[PDB]
Amino acid sequence: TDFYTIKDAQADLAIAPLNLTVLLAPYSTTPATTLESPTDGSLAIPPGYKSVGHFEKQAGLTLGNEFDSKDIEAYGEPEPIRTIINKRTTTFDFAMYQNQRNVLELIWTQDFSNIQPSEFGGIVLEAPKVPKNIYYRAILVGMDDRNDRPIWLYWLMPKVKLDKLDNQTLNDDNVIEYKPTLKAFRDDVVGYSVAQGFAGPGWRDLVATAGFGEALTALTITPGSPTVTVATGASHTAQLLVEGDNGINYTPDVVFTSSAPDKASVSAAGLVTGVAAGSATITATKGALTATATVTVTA
Amino acid sequence: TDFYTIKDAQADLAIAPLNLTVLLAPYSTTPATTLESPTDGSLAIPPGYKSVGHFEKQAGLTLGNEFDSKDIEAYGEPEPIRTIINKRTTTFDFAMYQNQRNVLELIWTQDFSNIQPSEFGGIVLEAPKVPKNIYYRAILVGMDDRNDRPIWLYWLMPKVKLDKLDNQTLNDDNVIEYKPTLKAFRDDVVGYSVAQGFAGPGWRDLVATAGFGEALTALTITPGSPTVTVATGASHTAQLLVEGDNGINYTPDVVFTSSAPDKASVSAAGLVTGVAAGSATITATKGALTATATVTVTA
Amino acid sequence: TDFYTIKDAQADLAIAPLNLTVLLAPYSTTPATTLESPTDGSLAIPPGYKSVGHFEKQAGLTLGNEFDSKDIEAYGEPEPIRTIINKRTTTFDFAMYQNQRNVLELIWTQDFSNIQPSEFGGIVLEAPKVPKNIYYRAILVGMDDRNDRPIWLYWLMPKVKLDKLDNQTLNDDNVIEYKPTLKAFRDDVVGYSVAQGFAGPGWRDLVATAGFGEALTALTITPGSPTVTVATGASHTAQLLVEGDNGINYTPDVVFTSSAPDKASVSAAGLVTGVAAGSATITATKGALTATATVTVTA
Amino acid sequence: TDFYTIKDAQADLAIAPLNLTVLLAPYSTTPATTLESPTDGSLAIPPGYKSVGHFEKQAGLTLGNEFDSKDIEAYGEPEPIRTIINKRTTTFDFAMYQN
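We now turn to the structure provided with this report. (Residues numbered from 1 in each chain as written, not as in the entry; some residues may be left out. Chains lettered and ligands numbered in written order. Part of a larger assembly, values for the part shown. Heavy atoms only, no water.)

All names here are of chain B. Together, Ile72, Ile81 and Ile84 line one region of the surface with nonpolar side chains, adding up to about 240 Å² of accessible area. Inspection of the secondary structure assignment puts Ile72 in strand β3 (residues 62-72). On the basis of relative accessibility, which here comes to 30%, the residue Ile72 falls in the partly exposed class. (Patch = residues over 30% accessible without salt bridge, like charges linked within 9 Å, V, L, I, M, F, W, Y side chains within 5 Å. Areas by Shrake-Rupley, 256 points an atom, 1.4 Å probe, with all protein chains shown as cover. Salt bridge = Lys/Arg side-chain N within 4 Å of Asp/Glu carboxyl O. Helix = DSSP H or I, 4+ residues; strand = E, 2+ residues; numbered from the N terminus. Buried < 20%, exposed > 50% of the residue type's maximum accessible area, 1.4 Å probe, protein only.)

Right, here's the structure in full:
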């Protein structure tokens, strides 16, 4: 065995967040559990999460993790017999550009929902008497677009608080930047402080390679031998679902073909409509893996 | 024999009270004899023991022990011929944060059960003209969570009394702390002043190593070969019970398998349900030890 | 039952005296029974109590409690058979900045009410040839401001006397501080030496959880179904009253709505004003609980 | 009213010390009160002040001001109730050439 086989390097698993956005929601909003829609796996932001818009490219977004642990030392032991990690402090910071309501609320620790614009649109936002402890739910979601198969990777922080505010420098040749450092706290209802997740059509290809689940070996068409009506109606169409050995829906990834197009009409998605009564064979093929089903059309 | 073998140090026997809570009950309550539930060994607190809530981390909780002894000295004997130890005084102190009824009753040596809030919820707690002699029942129970197998170690004090009250300091940036020093007395009906106890799955793992009882050398299935009915009914399900030689129930620790899943269905809890008639072998494996039972299912 | 449920820790019951003030009144003043105004529950200080002003933050205010007890010991009993607690001495000390009349009177144990300033406003305060035994009535009231719902917690001492005076240091970079230690005695008329009390909307929120009285389970509209006249007059307006099962007035906490605004107009205070004749339904909602009343307006 | 009228910027009021000199005098000399001659407003150095001559251009002449103050904090007040500024120390440094 040579060195390269042992190394087993997969350049595809390296994910570059080509686009990124941060969505903040008030603490009353139900925290998000996953960003994948149950319908078709598309990106689905839960209601109440509103983005903070553009932020500075050069600084980007910085995530920091810090451990605070106490080690128990016994006599004669060079290394501790037991170490106690109290917490894992997670923070993240960025540099927003936009002077919208939520950004100013975040930086001023105040609720400006009651602020009403004056007769000419002018507003005045007063800093509170003492800073308030306001908690938000944060979704940091980024898209890596490769071969038109995006990978959406996101950080879910169900409870964050404004921990630090950097210095604000005003220049005549630059826009105003707000640079807060937000600390993520533990949330009891969901049981985690920060969660990292992946989703998207691009990630579905790399699920097996990354080591989550089992490698795809066989393809199976879940609807077996369906009967479709020639006449128009609610039961005139039947939707096919293709699955794998590891339990992942591979329908968007497979290619649908019909042996007899007139008897049954199949699309790329997998819908089956029986134009003419008879027997047809619908085959879903992805790579070298093939699944076949038979459709009977009765008028 | 090298030095390490002689030392025979077990780093798993070091228990750190990662979480700690103090529960106080009125003297009329029946004192707790153990915090282990006889049903399944889980942490069960007798009714009437109400917790005091949060308390200061930095101060922590301090246990103190003192001995009062008199030495009988004889002529020509450099050391005493007999030592009469009159009493072992046990005390403990901590700094509570919460301003609830039991805490204020404890610090004020008064019963506030008759205090009713005013029309708008306000209350006034008048200190008694003379401090009262009030006794409580105390439980100091702490959880050490290691690899999701908690160890609950507790101190039971069937008769405690407020002995001292530290100076209280009001600061504009610090919460109000009540710091009582409670002295444990002897309770005649139960027979002790303080009792230290251990419980939990982690202690069940470490009970044999710690030197209490004998080590676990073999397993035994007490139900042996039971009978189970296919038809639904009260006797349709039979619960197994794995026991150790040292008399400790090791059912949660062992792993249950069934030779023929159709004949007899067994779960992690060990319950046998006869889906189909036939003879099956139930195997409970823990570590390198194995127990076997035969279950026959009759239709 | 897991450990957290047994602990049952309420972080909202921790009260931090964000602001604090000490009010001293001459012994002839009627002692304060409570700081809660019976009219609306707001903070109401009885007349004659004049505040001492600012005092040092770093030193803060220190409250100390001491017990004077004697133990009766019998033959063969390691612990005392009876403890006779003679008294509970309470003291409190702080460091005032302001050179008011009352502060200097307190530190000098003299009555300066007859001191008249000279032609240009100068005064001279001669210490008495022998210190006097002067008693005051003291209120130590602090406010914790959380989400604009203050909690006022106070200590009432109906009879205090200057017990100690710390060393006074003069520095060119420090104001002059008077640091007295006042001991609270027993007032025969009210029957106590120190009384701790709580009030405010925040306490009304937390009074049920703290264990005083019973919890709020249902609401009630005590006025029931009132009548209001369209014509202007004394009886034209009728004030509603929302009450809880535990006997606490929850009118500020509930939200008032009117089914038909024209028939009956109700504000946040709950006052029903009959603009137009007709039947309207007034709904008071608090959390998940709701109370309903019917108001009929006759022209 | 537009922004530039409100700003009211006067470029002439910006003074650049094109030439500089430092004159030291012994403590017995009567201190100067003003450098304007009463006769015609010309620059008039009082007697006893002798210049130190050339000094380094790149280093320039650095003036520094430092306040030392103590703030009195009361209970419940986030901001001090009184600030006692003890002193405003002034220093200046330069790199002389002449021996």
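Let's shift gears to the interface of chain C and chain B. Taken together, the contact between chain C and chain B spans 64 residues of the former and 60 residues of the latter. Between chain C and chain B, roughly 5400 Å² of surface is buried when both sides are summed, and carbon and sulfur atoms account for 57% of that area. In terms of surface lost to chain B, no three residues of chain C exceed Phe3(C), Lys7(C) and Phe212(C), which account for 15% of the buried area on that side. Summed over the shared surface of chain C and chain B, the result is one salt bridge. Two residues, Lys57(C) and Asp172(B), come together in a salt bridge whose shortest N-O distance is 2.4 Å. Summed over the shared surface of chain C and chain B, the result is 23 residue pairs in polar contact. (Contact = heavy atoms within 4.5 Å. Buried area = accessible area lost by both parts, 1.4 Å probe. Polar contact = N/O pair within 3.5 Å; in protein donor to acceptor, adjacent residues only side chain to side chain.)

All names here are of chain B. If you walk across this open sheet you meet the four strands as β12-β19-β18-β15, and the pairing is mixed. Since the sheet does not close on itself, it has two edges, and those belong to β12 (227-229) and β15 (255-258), each with one partner. Strand-to-strand twist across the sheet, computed as the mean angle between neighbouring axes with direction ignored, equals 30°. In this structure, strand β18 (residues 278-286) lies alongside strand β19 (residues 289-298), joined through nine bridges in antiparallel fashion. Within β19, the residue paired with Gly278 across the bridge is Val297. (Pairing = 2+ DSSP bridges. Axes fitted to C-alpha atoms, helices over the stretch in contact; angles between N-to-C directions.)

All names here are of chain A. Taking strand neighbours across the sheet as the criterion, the four strands line up as β10-β17-β16-β13 in an open arrangement whose pairing is mixed. Of all strands in the sheet, those with a lone pairing partner are β10 (227-229) and β13 (255-258), marking the two edges. Strand-to-strand twist in this sheet, taken as the mean axis angle between neighbours without regard to direction, amounts to 30°. In this structure, β10 lies alongside strand β17 (residues 289-298), joined through three bridges in parallel fashion. From the neighbouring strand, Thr227 faces β17, where its bridge partner is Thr296.

In this section: a negative patch on the surface. A cluster of like negative charges, contributed by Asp71(A), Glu73(A), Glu77(A) and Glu79(A), occupies part of the molecular surface. Here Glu73(A) shows up in the loop between β3 (62-72) and β4 (82-93). (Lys, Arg positive; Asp, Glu negative; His and termini not counted. Charge placed at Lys NZ, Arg CZ, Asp CG, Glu CD.)

Residue and element names in this part refer to chain A. Burial of helix α2 (residues 101-108) is extensive: six of the eight residues sit out of reach of the surface. All of the buried residues along α2 are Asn102, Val103, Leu104, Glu105, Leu106 and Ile107. Against the buried residues of α2 lie β1 (19-26), β2 (50-51), β5 (135-144), β6 (151-165) and β7 (180-184).

What follows deals with empty space enclosed by the protein. What the rule picks out here adds up to five cavities of 30 Å³ or more. Of the pockets and cavities examined, the largest cavity occupies roughly 140 Å³. Taken together, 16 residues line the largest cavity, and the ones lying closest to its centre are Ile107(B), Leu165(B), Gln168(B), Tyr178(B) and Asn65(C). Broken down by secondary-structure element, the contributors of at least two residues to the lining of the largest cavity are α2 (101-108) of chain B together with β3 (61-72) and β4 (82-93) of chain C. Each residue belonging to the lining of the largest cavity can be placed in one class, and the counts come to seven nonpolar, five polar and four charged. (1 Å grid on protein atoms, 1.4 Å probe; cavity = no way out; pocket = protein on both sides within 12 Å on 5 of 7 lines; lining within 4 Å. Points joined across faces, edges and corners; volume = space filled by probe spheres on them. Nonpolar A, V, L, I, M, F, W, Y, C, P; charged D, E, K, R; others polar.)

This paragraph deals with unusual backbone geometry. Of note, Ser225(A) is a non-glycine position whose phi angle comes to about 55°, a positive value. Along the chain, the position of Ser225(A) falls in the loop between β9 (219-221) and β10. By relative accessible area, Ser225(A) is classed as exposed at 52%. Of note, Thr109(B) is a non-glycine position whose phi angle comes to about 55°, a positive value. Here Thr109(B) lies in the loop between α2 and β5 (123-126).

Moving on, we get to the relation of the copies chain C and chain B. Overlay of chain C on chain B (RMSD 0.1 Å): rotation 60°, translation along the axis 0.0 Å. Expressed as a symmetry operation, the mapping of one chain copy onto the other fits a six-fold axis. The overlap is low: 6% of the interface residues of chain C also sit at the interface in chain B, so different surfaces are used on the two sides. (Least-squares fit on C-alpha atoms.)

Right, let's talk about the pattern of salt bridges for a bit. Inspection of every chain in the model, using the stated rule, returns 29 salt bridges over all chains. We note a salt bridge from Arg82(A) to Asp144(B), for which the minimum N-O separation is 2.8 Å. Taken together, the positions of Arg82(A) in strand β4 and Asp144(B) in strand β6 (residues 135-146) put the pair across two chains. Of the residues examined, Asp144(B) reaches a relative accessible area of 0% and is grouped as buried. Among the charged side chains, a network of salt bridges with common partners joins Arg149(A), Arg204(A), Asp205(A) and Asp253(A).

Residues and elements named next belong to chain A. Among the secondary structure elements, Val272 is positioned in strand β15 (residues 271-273). We classify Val272 as buried; its relative accessible area is 1%. Distance in space between the C-alpha atoms of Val272 and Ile282 is 8.6 Å, their sequence separation being ten residues. Not counting the four nearest positions on each side in its chain, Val272 is found in contact with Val228, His236, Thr237, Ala238, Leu240, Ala264, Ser265, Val266 and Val295.

Fair warning: the whole summary comes from geometry, so function is off the table for now.
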